[PDB]
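Have a look at the structure below before the remarks.
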Amino acid sequence: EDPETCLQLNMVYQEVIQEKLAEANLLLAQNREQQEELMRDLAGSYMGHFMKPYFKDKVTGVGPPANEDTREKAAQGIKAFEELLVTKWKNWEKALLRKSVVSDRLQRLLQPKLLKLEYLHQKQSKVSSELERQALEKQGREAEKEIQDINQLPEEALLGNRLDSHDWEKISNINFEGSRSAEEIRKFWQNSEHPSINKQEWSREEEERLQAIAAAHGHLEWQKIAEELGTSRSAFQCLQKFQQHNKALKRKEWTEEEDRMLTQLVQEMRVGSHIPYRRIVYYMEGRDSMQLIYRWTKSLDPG
Amino acid sequence: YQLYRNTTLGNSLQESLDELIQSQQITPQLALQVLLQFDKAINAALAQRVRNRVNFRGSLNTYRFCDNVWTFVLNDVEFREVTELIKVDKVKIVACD
Amino acid sequence: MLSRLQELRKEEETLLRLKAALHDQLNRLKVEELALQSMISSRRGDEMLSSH
Amino acid sequence: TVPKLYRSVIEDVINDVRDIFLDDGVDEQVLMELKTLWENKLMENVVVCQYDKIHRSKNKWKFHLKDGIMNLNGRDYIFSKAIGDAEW
Amino acid sequence: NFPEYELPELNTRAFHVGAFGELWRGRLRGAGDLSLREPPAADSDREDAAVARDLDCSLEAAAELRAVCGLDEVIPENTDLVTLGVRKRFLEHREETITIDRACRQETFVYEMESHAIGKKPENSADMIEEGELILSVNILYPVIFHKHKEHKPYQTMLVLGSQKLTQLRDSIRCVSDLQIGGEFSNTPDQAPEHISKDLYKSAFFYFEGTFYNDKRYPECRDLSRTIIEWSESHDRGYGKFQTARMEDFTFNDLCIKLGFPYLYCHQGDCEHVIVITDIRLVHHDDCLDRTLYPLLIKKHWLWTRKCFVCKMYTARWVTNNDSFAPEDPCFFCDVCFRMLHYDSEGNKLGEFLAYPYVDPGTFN
Amino acid sequence: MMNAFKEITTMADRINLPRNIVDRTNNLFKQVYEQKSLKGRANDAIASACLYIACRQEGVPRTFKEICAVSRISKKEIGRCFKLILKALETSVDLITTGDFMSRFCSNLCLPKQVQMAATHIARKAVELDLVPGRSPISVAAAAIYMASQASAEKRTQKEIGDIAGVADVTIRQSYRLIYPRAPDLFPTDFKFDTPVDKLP
Amino acid sequence: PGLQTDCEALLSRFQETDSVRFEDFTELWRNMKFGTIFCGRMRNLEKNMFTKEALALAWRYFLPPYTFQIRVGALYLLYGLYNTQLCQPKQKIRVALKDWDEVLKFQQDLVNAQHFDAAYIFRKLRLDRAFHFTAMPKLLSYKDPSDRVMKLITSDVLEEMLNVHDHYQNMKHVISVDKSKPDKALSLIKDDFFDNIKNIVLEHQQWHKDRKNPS
Amino acid sequence: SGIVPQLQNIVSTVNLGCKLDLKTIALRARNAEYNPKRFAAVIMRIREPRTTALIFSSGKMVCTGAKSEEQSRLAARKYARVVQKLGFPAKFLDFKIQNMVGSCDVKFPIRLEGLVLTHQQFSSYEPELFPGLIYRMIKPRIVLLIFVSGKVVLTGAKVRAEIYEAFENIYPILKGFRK
DNA sequence: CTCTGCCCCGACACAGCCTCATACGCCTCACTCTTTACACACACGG
DNA sequence: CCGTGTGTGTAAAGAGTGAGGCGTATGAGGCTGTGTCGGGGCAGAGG
Ligand SMILES: [Zn+2]
Ligand SMILES: [Zn+2]
């Protein structure tokens, strides 16, 4: 009858279809947001970087400078966890240390004679004489003979006497990969790894002699004990053997006060059915975790 | 090598050798071979005695290169040696390869 | 997780095709709307010849 | 770490020049007094060192120096390497 | 703000914890859902009436829903499913390969450590935690005490309480670095122990998404973050816009942090721990309801205990360096062996060495 | 003038390429030696460039790395001499399309013909869909072959494809990520496989 | 381990019934002895871990984009699992904030559609306080889905589209000044809209079936 | 179109008019580069114009890096003055700009394949060697590096007008091959 | 058959853009045998 | 009938390699240019 009805009907149709596009375009936006989330998942990436150097340069990889508190703590000789970090000596490490010490001693002994030979050759180059040149040649032959004698030096006389100043810091540079400090290497070589330290298994007579010497001379001068033991042993080894064969190390008998102390420690440090005995033993005098386990399981638990 | 005989150590070497030669008890030769073997020894040890990591940042003021020797001059530099910082207004770096 | 990726992308193509069809629908609808406006102007101009 | 490095260098140099001192005809007393005067005399910021790679960016210089010595603020320091950065 | 993922399954967006708790409490406001009370024919009628009111159904409908929806061990198991069959095979293998079949130390430790305080009713009746308190299951990374800590990073989980002021967790984080004793006792080991590091260095700071909350509570405390911010202001460092706080005027609710994202906790100069907020949840009725001890430990790593190198029977009391007797440089001794080896009868420092008190990380942590 | 035709024949022998390509290479060498617009260049480099040009013209183009892998010179001078010869001879060579390099790359690998066609379709539909804008066709072919192998019964990791096509594994990774989301629609409609195409590394 | 498959089977064996009543889930539980999934010698630590894993699996199956039938089956599975636990401190279902509104709307839809069984199960799960209202579903450190097409186009949507189209054609027929023919200015109306959308939807259905059919 | 290239590099040459001892310049210059085993020139760098000058023993200096001819000439004069202060009779003779390289972006991806297909006689496109198409323009002797991202680099021009005319000549073709 | 001086070349920068392709390395993950540690247990012998 | 002397389970180190992702650095390309040092054909005696 009149297009006005057409106008209004088309308005309402456009309204409904535009609402349909509104819903559909919201779905499209959600789907594209999901796709962007997935892409960033592909581009995503950690904890380890933030262990000691929570802040580390994107250029160099170093942390913030030592604070005044850190410097004061270091001044008081308080060790960081890295300083107190101890690692076992592997057999390959021991062999490498031995060979490295041999090579270092060879180089140290060769350097002086090598430079002497070089100086003799340099003097020969500009001597402006013949008889003096022959004398210099004879001296060079003597130097070469000395170098050859040094080269053929046996390992026994080459190693040293476990107290001579080697350049142990070298052992920590070329042979080792920096995992071991110079002090650690030198102490290990001087005290334990040197051939002048008897690493052979202890004999019954040797153990008896060690016990007798410790009893007589006392258990408090173990250096003189090792010296008097006769065999080439370190004070550390003698003390270790004495302790491992000692009988007064542990009390081996329980008392009422000790029982009360153990019960108090257990009740204080329990977390339930779990009883960490190694941590209890810290306050316990002259006791082992096994003894505490036995006492708490057999004589301090109602049944 | 004519590079490491300029620090406090090398200057001490030069001064001690000068005092000894002026005392008329060593010859200049022994002095110069001693200096050469010192150069060799410091080259060996300095490259073989050390592991402390350092990292420095600054504003390079000037630089130079000739006959295989670099000469940098930097301003407002901070050197970062193990767990400690050194701030220097101006620093000269002389390298020789 | 690519199975969900392919399901999502196929749904994306589905809804893109639906949007393309409906956008053609709206473009032609608006063309019709302009035609209606022109025709109603022309028709209403036929009774304005006698006014106060 | 610098004092121990200097002591080691002194020990090495004196030990390996002992042979020349003996050969040329100067007694070891001269050698030991040289040592003693050496430590006695031991007691501008300049860095004498070795360069491994002087990388040049557009204007950023990345300095990969090998081992070297620095004389910063009247105090001697030593490094095995220096990975530094600068802007020209 | 709503907690939403930054990374796919690794990290969330930075949001205010207080707003998160407010949203949760408003969406559960007056629903009977936040009770914190112990679980409890007349009550059947009331339950049916409540069901009818909530579900728009008749009383008979509520009664039949209650009846039909009713609830619906014995080690023997037959007619096994997939998972049940796998479990049966695993138990058979364990029985045929194990001889004692008793709870191992680690499993009992972990279980009793997690379930140490669950449903533990407070004694005072005055430390009530409000209905909804946003308990944070934080975790503190253990400091590297053994070289292998890098391969597997140990951590201890702490159920902190929302709205609790900072320094409540800092005073609760148990670390061996706070018990270290400074000074050298080589000359004589009977010196009066110096004040533990907890007293000498009271300073510490948290760092949560570019904000240094410094522990300036005590006069002995100094601004630990200062250095860092200064060292950050010198040059472009990749870190910018550092903030500062006092750590005593803030609560965990006020923190705007992410979940699963590394944050820092520094103490005792440079002892750094990684704080990670695993998740945030409203307090339930089946967990600890206290406040005096609620900042407790949910899990700890049970570190190894160092032993005297001479005798392996006892733990370590002293650490010696540059010793003329020990094979290694950092040699650990007990009191007995240390006294026996490092001194004479009348009493004097034998040989050359530097001996210091050693606190076992495996005992106070 | 001699010792280059022998060198050209030796160059072809290592690739087992038909003789007509060798004849075309010799003819191109003759023309370039007549022009002498690149006299300073070594004869071996000219021969290698002529071999590459001849291989390109016949419709079985190779890659510069596969001419260098047989030649005694580096790819840099091979490309320099290629451009110099193209300029001096006032000749033209059709652009390399991805379709050329699968018939050989898949032949060196132990993939079946079905996987060959699948990879060809993937690489093509990728190139028309502009999923790999301005990237070397060899890398696109490597990525398509990687998809075809991973989805098919015979699986090849990136190292084998990189060695065969002479494309760094990182380049393969990048070109695979770029067309990674659009993997399914690139496969042929009728394609059988034992590992679903809806899951891939 | 490998519990997911079992749950899937249950869900499958529920959706195959095309039912929402909780009773059918009860007979399925009794037939498969699902309550025995926790039975068997196993210690408290791994017991609570396994309960946590099962509850998390059931909850994630209960959330979208799974079908309504699968969602109700997952809700019933959650109820059965939580009510049948051997841990003294019954493990709680971890519920996130972003999902709370969706679950509330799902419950509203369930009650509106007279699915009073699932509504009562959900209300009971709320009352006994079986939900840990966490920030994210899991601890952060370091199928039968629903497609958008049904939400876009369905039976009623196309029915009302075609009704509007028919009304539009009739009003076109009546608008023209002459009943013989409509005006030439308004003759662009298309009849292929329904045909086009039908072709597109059947193309999607064909793709889906040839996908889930293995090669 | 309304977009014009912005110059990125200008290479110019000048004759100082006297032989130089490169060793002295290296030892006395503030920022000189001299490695005789590596190259036979002294490379001096300055900050104000941000240019680099290679000075040869024969007295010919080559300045690069200037973004426009005024700065190139000023930098060349600065280098000449610096050499003069070093005790050399250096002058400023025969200053010539040898190259002017600029970059620009047409702001739409380009189909290189079709471009080379329809313009083979000028363009050389080798994706394996260089992922950019090389168009050897013939009216001005300018080389164009065109990339799929739309970046176009003009090189080989001696004056700025050559760069502008080359870009205006190439723009319609790129628009016709708009991807 | 075997060198052998000789003029006409290629290859070093380094100036600033620009995209893809190639290579180095560096911190962290995996796992795997091998011990390592700590609680608990089972005899064991007269 | 209460002592001890060896066994056992199972997570926790300890190296011991070995792999892998990603960030950075490098190359390749025409550009036009200037010193210079190797060097690749070139016929050429010379035997
Ligand atoms: Zn700590
Ligand atoms: Zn001891």
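Ligands are numbered from 1 in the order shown, residues from 1 within each chain, and chains are lettered A, B, ... in the order they appear in the structure tokens.
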
Report as a PyMOL selection string which protein, DNA and RNA residues come within 10 Å of ligand 2, using only C-alpha atoms (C1' of nucleotides) and all ligand atoms.
(chain A and resi 239-240+243-244+249) or (chain E and resi 307-318+332-341)

Restricting it to N, CA, C and O atoms, dump the selection as a tab-separated table (two decimals), in the first residue's frame.
```tsv
chain	number	residue	atom	x	y	z
A	239	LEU	N	94.84	-40.71	62.90
A	239	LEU	CA	93.66	-40.37	63.68
A	239	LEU	C	92.43	-41.08	63.14
A	239	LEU	O	91.58	-41.55	63.91
A	240	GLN	N	92.29	-41.15	61.81
A	240	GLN	CA	91.16	-41.84	61.21
A	240	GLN	C	91.14	-43.30	61.63
A	240	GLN	O	90.10	-43.83	62.04
A	243	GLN	N	90.20	-43.62	65.37
A	243	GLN	CA	88.78	-43.38	65.62
A	243	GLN	C	87.92	-44.53	65.11
A	243	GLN	O	86.99	-44.98	65.80
A	244	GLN	N	88.21	-45.02	63.91
A	244	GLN	CA	87.43	-46.13	63.36
A	244	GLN	C	87.58	-47.40	64.18
A	244	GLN	O	86.69	-48.26	64.15
A	249	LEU	N	84.65	-43.73	71.56
A	249	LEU	CA	84.01	-42.73	70.72
A	249	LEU	C	82.54	-42.59	71.06
A	249	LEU	O	82.01	-41.47	71.13
E	307	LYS	N	79.29	-34.79	57.55
E	307	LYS	CA	79.86	-35.59	58.62
E	307	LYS	C	81.34	-35.28	58.78
E	307	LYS	O	82.01	-34.84	57.83
E	308	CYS	N	81.84	-35.50	59.99
E	308	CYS	CA	83.26	-35.34	60.24
E	308	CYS	C	84.07	-36.23	59.31
E	308	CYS	O	83.78	-37.42	59.17
E	309	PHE	N	85.07	-35.64	58.65
E	309	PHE	CA	85.86	-36.40	57.68
E	309	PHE	C	86.71	-37.46	58.36
E	309	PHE	O	86.95	-38.52	57.78
E	310	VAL	N	87.16	-37.20	59.59
E	310	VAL	CA	87.94	-38.20	60.32
E	310	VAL	C	87.06	-39.40	60.67
E	310	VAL	O	87.33	-40.53	60.26
E	311	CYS	N	85.99	-39.15	61.43
E	311	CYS	CA	85.03	-40.18	61.80
E	311	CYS	C	83.68	-39.84	61.19
E	311	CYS	O	83.21	-38.71	61.31
E	312	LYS	N	83.06	-40.82	60.53
E	312	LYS	CA	81.76	-40.63	59.90
E	312	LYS	C	80.61	-40.92	60.85
E	312	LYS	O	79.45	-41.00	60.40
E	313	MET	N	80.88	-41.10	62.14
E	313	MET	CA	79.84	-41.36	63.13
E	313	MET	C	79.06	-40.11	63.51
E	313	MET	O	77.86	-40.21	63.81
E	314	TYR	N	79.70	-38.94	63.50
E	314	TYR	CA	79.08	-37.71	63.98
E	314	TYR	C	79.00	-36.69	62.86
E	314	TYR	O	79.62	-36.83	61.80
E	315	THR	N	78.21	-35.65	63.10
E	315	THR	CA	78.08	-34.54	62.17
E	315	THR	C	79.26	-33.58	62.33
E	315	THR	O	80.14	-33.76	63.17
E	316	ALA	N	79.25	-32.53	61.51
E	316	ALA	CA	80.35	-31.58	61.46
E	316	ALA	C	80.08	-30.41	62.40
E	316	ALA	O	79.00	-29.81	62.37
E	317	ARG	N	81.07	-30.10	63.24
E	317	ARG	CA	81.02	-28.95	64.13
E	317	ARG	C	81.94	-27.81	63.71
E	317	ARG	O	81.62	-26.65	63.96
E	318	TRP	N	83.07	-28.12	63.07
E	318	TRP	CA	84.05	-27.13	62.68
E	318	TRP	C	84.48	-27.36	61.24
E	318	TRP	O	84.52	-28.50	60.77
E	332	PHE	N	85.85	-30.94	57.34
E	332	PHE	CA	84.82	-30.88	58.37
E	332	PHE	C	85.16	-31.84	59.49
E	332	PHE	O	85.41	-33.03	59.25
E	333	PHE	N	85.17	-31.33	60.72
E	333	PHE	CA	85.46	-32.13	61.91
E	333	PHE	C	84.35	-31.95	62.93
E	333	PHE	O	83.63	-30.95	62.92
E	334	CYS	N	84.21	-32.95	63.80
E	334	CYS	CA	83.39	-32.79	64.99
E	334	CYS	C	84.25	-32.18	66.11
E	334	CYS	O	85.46	-31.96	65.95
E	335	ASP	N	83.63	-31.91	67.25
E	335	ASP	CA	84.38	-31.35	68.37
E	335	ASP	C	85.48	-32.30	68.83
E	335	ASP	O	86.61	-31.89	69.07
E	336	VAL	N	85.16	-33.60	68.93
E	336	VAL	CA	86.12	-34.57	69.44
E	336	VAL	C	87.37	-34.60	68.57
E	336	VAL	O	88.48	-34.34	69.04
E	337	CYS	N	87.20	-34.92	67.29
E	337	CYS	CA	88.35	-35.04	66.40
E	337	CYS	C	89.06	-33.70	66.22
E	337	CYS	O	90.30	-33.65	66.16
E	338	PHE	N	88.30	-32.61	66.12
E	338	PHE	CA	88.92	-31.30	65.96
E	338	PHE	C	89.85	-30.99	67.14
E	338	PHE	O	91.00	-30.59	66.95
E	339	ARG	N	89.35	-31.17	68.36
E	339	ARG	CA	90.19	-30.95	69.53
E	339	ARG	C	91.37	-31.91	69.57
E	339	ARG	O	92.49	-31.53	69.92
E	340	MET	N	91.13	-33.17	69.20
E	340	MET	CA	92.19	-34.18	69.27
E	340	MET	C	93.31	-33.89	68.29
E	340	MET	O	94.47	-34.21	68.56
E	341	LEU	N	92.99	-33.29	67.14
E	341	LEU	CA	93.97	-33.11	66.07
E	341	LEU	C	94.60	-31.73	66.04
E	341	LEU	O	95.77	-31.62	65.65
```

Surrounding residues as an MDAnalysis selection string, ligand 1, max 12 Å, only C-alpha atoms (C1' of nucleotides) and all ligand atoms:
(chainID A and resid 51:52 80:81) or (chainID E and resid 140:145 155:156 170:180 197:198 204:205 264:275 361 364:365)

Select all residues from chain F having any atom no more than 8 Å from an atom of chain H (counting only C-alpha atoms, ignoring ligands), output as a ChimeraX atom specification.
/F:63-64,79,92,95,133-138

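Using only C-alpha atoms (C1' of nucleotides), we find that the part of chain D lying within 12 Å of chain I comprises residues 56, 57 and 58 of chain D.
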
Quick one: residues within 9 Å of residue 88 of chain D, only C-alpha atoms (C1' of nucleotides), excluding same-chain residues fewer than 5 positions away - as a list in words?
residues 59, 60, 61 and 62 of chain B; 59, 60 and 61 of chain D; 47 of chain H

Write the selection just made, keeping C-alpha atoms, as a JSON list (two decimals), in the first residue's frame?
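Contents of the output file result-v6.json:
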```
[["chain", "number", "residue", "atom", "x", "y", "z"],
["B", 59, "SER", "CA", 81.86, 5.80, 26.99],
["B", 60, "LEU", "CA", 84.81, 5.29, 24.64],
["B", 61, "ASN", "CA", 86.37, 8.74, 24.28],
["B", 62, "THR", "CA", 89.07, 7.91, 21.72],
["D", 59, "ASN", "CA", 79.12, 2.67, 17.14],
["D", 60, "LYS", "CA", 79.23, 0.09, 19.97],
["D", 61, "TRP", "CA", 82.68, -1.36, 20.64],
["H", 47, "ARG", "CA", 81.45, 12.24, 15.62]]
```

Any idea what the distance is between atom CA of residue 35 of chain G and atom CA of residue 84 of chain G?
6.4 Å

Do me a favour and pick out the residues of chain D within 12 Å of chain E, using only C-alpha atoms, as a short mmCIF file (atom, residue, chain, number, x, y, z; two decimals) with N, CA, C and O atoms, in the first residue's frame.
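And here's selection03.cif as it stands now:
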```
data_model
loop_
_atom_site.label_atom_id
_atom_site.label_comp_id
_atom_site.auth_asym_id
_atom_site.auth_seq_id
_atom_site.Cartn_x
_atom_site.Cartn_y
_atom_site.Cartn_z
N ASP D 85 82.01 -3.41 27.12
CA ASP D 85 81.21 -2.71 26.11
C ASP D 85 81.40 -1.21 26.27
O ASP D 85 81.53 -0.70 27.38
N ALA D 86 81.42 -0.51 25.14
CA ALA D 86 81.56 0.94 25.15
C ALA D 86 80.80 1.52 23.98
O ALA D 86 80.54 0.84 22.98
N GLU D 87 80.44 2.80 24.10
CA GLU D 87 79.76 3.53 23.05
C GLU D 87 80.60 4.75 22.68
O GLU D 87 81.02 5.51 23.56
#
```

Which of segment 40-103 of chain G end up as alpha helix (DSSP H) when DSSP is run on this backbone - answer as a PyMOL selection string?
chain G and resi 44-62+68-83+97-103

Please produce a file of the residues just selected, as a compact mmCIF listing (two decimals), in the first residue's frame, where the atoms kept are N, CA and C atoms.
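Saved result, again07.txt, follows:
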```txt
# COMPACT_ATOMS: atom_id res chain seq x y z
N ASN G 44 48.87 -43.19 51.79
CA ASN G 44 48.13 -41.94 51.89
C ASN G 44 48.64 -40.90 50.90
N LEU G 45 49.96 -40.79 50.75
CA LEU G 45 50.52 -39.77 49.87
C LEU G 45 50.04 -39.96 48.43
N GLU G 46 50.37 -41.11 47.84
CA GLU G 46 49.92 -41.37 46.47
C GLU G 46 48.41 -41.46 46.39
N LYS G 47 47.74 -41.85 47.48
CA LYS G 47 46.28 -41.90 47.47
C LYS G 47 45.70 -40.50 47.27
N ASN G 48 46.19 -39.52 48.03
CA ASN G 48 45.69 -38.16 47.87
C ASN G 48 46.12 -37.58 46.53
N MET G 49 47.32 -37.90 46.06
CA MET G 49 47.74 -37.43 44.75
C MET G 49 46.82 -37.97 43.65
N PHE G 50 46.49 -39.26 43.73
CA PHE G 50 45.61 -39.88 42.75
C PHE G 50 44.21 -39.29 42.81
N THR G 51 43.71 -39.05 44.02
CA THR G 51 42.40 -38.41 44.16
C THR G 51 42.42 -37.00 43.56
N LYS G 52 43.50 -36.25 43.80
CA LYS G 52 43.64 -34.93 43.20
C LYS G 52 43.60 -35.02 41.68
N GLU G 53 44.35 -35.97 41.11
CA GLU G 53 44.38 -36.10 39.66
C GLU G 53 43.00 -36.46 39.11
N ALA G 54 42.31 -37.40 39.75
CA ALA G 54 40.99 -37.80 39.28
C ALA G 54 40.01 -36.64 39.35
N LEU G 55 40.01 -35.91 40.47
CA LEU G 55 39.10 -34.78 40.61
C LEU G 55 39.41 -33.69 39.59
N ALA G 56 40.69 -33.42 39.35
CA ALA G 56 41.05 -32.42 38.35
C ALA G 56 40.60 -32.85 36.96
N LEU G 57 40.78 -34.12 36.62
CA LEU G 57 40.33 -34.62 35.33
C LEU G 57 38.82 -34.46 35.18
N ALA G 58 38.07 -34.87 36.21
CA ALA G 58 36.62 -34.76 36.14
C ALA G 58 36.18 -33.31 36.03
N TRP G 59 36.82 -32.41 36.78
CA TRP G 59 36.45 -31.00 36.73
C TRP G 59 36.74 -30.40 35.36
N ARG G 60 37.91 -30.70 34.78
CA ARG G 60 38.22 -30.14 33.47
C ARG G 60 37.29 -30.70 32.40
N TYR G 61 36.88 -31.97 32.54
CA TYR G 61 35.85 -32.50 31.66
C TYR G 61 34.50 -31.82 31.89
N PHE G 62 34.25 -31.33 33.11
CA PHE G 62 32.98 -30.67 33.40
C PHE G 62 32.88 -29.29 32.78
N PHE G 68 26.79 -30.58 26.54
CA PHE G 68 25.98 -30.53 27.75
C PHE G 68 25.86 -31.91 28.38
N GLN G 69 25.63 -32.94 27.57
CA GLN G 69 25.55 -34.30 28.10
C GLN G 69 26.87 -34.70 28.76
N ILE G 70 27.99 -34.42 28.09
CA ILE G 70 29.29 -34.75 28.65
C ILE G 70 29.54 -33.95 29.92
N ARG G 71 29.10 -32.69 29.94
CA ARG G 71 29.29 -31.86 31.13
C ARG G 71 28.51 -32.41 32.32
N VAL G 72 27.27 -32.84 32.09
CA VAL G 72 26.47 -33.41 33.18
C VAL G 72 27.08 -34.74 33.63
N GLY G 73 27.56 -35.55 32.69
CA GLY G 73 28.24 -36.77 33.07
C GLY G 73 29.47 -36.50 33.91
N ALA G 74 30.23 -35.46 33.56
CA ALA G 74 31.40 -35.10 34.34
C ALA G 74 31.01 -34.60 35.73
N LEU G 75 29.90 -33.87 35.83
CA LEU G 75 29.43 -33.44 37.14
C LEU G 75 29.07 -34.64 38.01
N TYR G 76 28.36 -35.61 37.44
CA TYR G 76 28.02 -36.82 38.19
C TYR G 76 29.28 -37.59 38.58
N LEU G 77 30.26 -37.64 37.68
CA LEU G 77 31.53 -38.29 38.00
C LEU G 77 32.22 -37.58 39.15
N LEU G 78 32.21 -36.24 39.15
CA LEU G 78 32.78 -35.48 40.25
C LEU G 78 32.10 -35.83 41.56
N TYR G 79 30.77 -35.85 41.55
CA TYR G 79 30.02 -36.19 42.76
C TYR G 79 30.40 -37.57 43.27
N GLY G 80 30.37 -38.57 42.38
CA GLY G 80 30.68 -39.92 42.80
C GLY G 80 32.10 -40.06 43.31
N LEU G 81 33.06 -39.44 42.63
CA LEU G 81 34.45 -39.54 43.04
C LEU G 81 34.66 -38.89 44.40
N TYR G 82 34.16 -37.66 44.58
CA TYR G 82 34.38 -36.96 45.84
C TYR G 82 33.69 -37.69 47.00
N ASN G 83 32.45 -38.14 46.79
CA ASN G 83 31.75 -38.83 47.87
C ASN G 83 32.36 -40.18 48.20
N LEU G 97 38.55 -18.76 39.37
CA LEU G 97 37.64 -17.63 39.33
C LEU G 97 37.05 -17.44 37.93
N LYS G 98 37.88 -17.55 36.89
CA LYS G 98 37.40 -17.36 35.53
C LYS G 98 36.32 -18.37 35.15
N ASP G 99 36.29 -19.52 35.81
CA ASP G 99 35.32 -20.56 35.51
C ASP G 99 34.10 -20.53 36.42
N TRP G 100 34.14 -19.77 37.52
CA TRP G 100 33.02 -19.78 38.46
C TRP G 100 31.75 -19.25 37.80
N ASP G 101 31.85 -18.17 37.04
CA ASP G 101 30.67 -17.62 36.37
C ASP G 101 30.10 -18.61 35.36
N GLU G 102 30.97 -19.28 34.61
CA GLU G 102 30.50 -20.25 33.63
C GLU G 102 29.77 -21.40 34.31
N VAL G 103 30.31 -21.88 35.43
CA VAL G 103 29.65 -22.97 36.16
C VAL G 103 28.32 -22.50 36.74
```

With a distance cut-off of 12 Å and only C-alpha atoms (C1' of nucleotides), select the neighbouring residues of residue 351 of chain E, excluding the residue or stretch itself and same-chain residues fewer than 2 positions from it, and output the selection as a VMD selection string.
(chain A and resid 221 to 224 235) or (chain E and resid 186 to 187 322 to 326 341 to 344 348 to 349 353 to 355)
